[PDB]
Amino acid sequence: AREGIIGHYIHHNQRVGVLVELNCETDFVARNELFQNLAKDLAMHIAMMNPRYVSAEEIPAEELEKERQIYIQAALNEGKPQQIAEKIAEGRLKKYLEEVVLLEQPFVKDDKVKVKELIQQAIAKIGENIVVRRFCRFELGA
């Protein structure tokens, strides 16, 4: 069975809302405010940063390749030979992962830390494995 909480964040303008399931090992940690603040902060980060996936593995190979091809064609359209265009696309893909993947995004409260490192920091402090299971972000009109 899963332990943890459903963290959330509702923007003051009530135009953006997020729910996030943050899992841990025990109800004791789940009830703890340190863990509760982490779920709350993750929910706020998601609302502000709009990631589409929790992790890189969730991106469809077709979605990834299409984006990569856009990068490639653009460079090719710049007169860049295939080999260069591929390296350029390589870099833009890394950026693309930071645009859409939660764990790869710099944390809203400290952009010097990626969300995945924030999580490792929490596991080290708290002492239990912590996992962001899923999240849902609704934005008015989008």
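Residue numbers run from 1 along the displayed sequence.
Student: Decide which of the stretches 97-105 and 60-68 has the higher mean C-alpha B-factor, going by the entry.
Tutor: It is 60-68 that shows the higher mean C-alpha B-factor.
Student: Averaged over C-alpha atoms, is the B-factor higher for 74-82 or for 88-96 in this PDB entry?
Tutor: Higher mean C-alpha B-factor: 74-82.
Student: Name the one of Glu117, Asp111, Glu33, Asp41 with the greatest CA B-factor according to the PDB entry.
Tutor: Highest C-alpha B-factor among the listed options: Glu33.
Student: Please rank the C-alpha B-factors of the chain's modelled residues and tell me whether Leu22 sits in the lowest, middle or highest third.
Tutor: For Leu22, the deposited C-alpha B-factor lands in the lowest third.
Student: Going by what the PDB entry lists, where does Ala1 fall on CA B-factor within its chain: lowest, middle or highest third?
Tutor: Highest third - that is where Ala1 ends up once the chain's C-alpha B-factors are sorted.
Student: Could you say whether, by C-alpha temperature factor, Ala142 belongs to the lowest, middle or highest third of its chain?
Tutor: According to the entry, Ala142 has a C-alpha B-factor in the chain's highest third.
Student: Split the chain's modelled residues into thirds by Cα B-factor; is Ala124 in the lowest, middle or highest one?
Tutor: For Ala124, whose C-alpha B-factor we compare with every modelled residue in the chain, the answer is the middle third.
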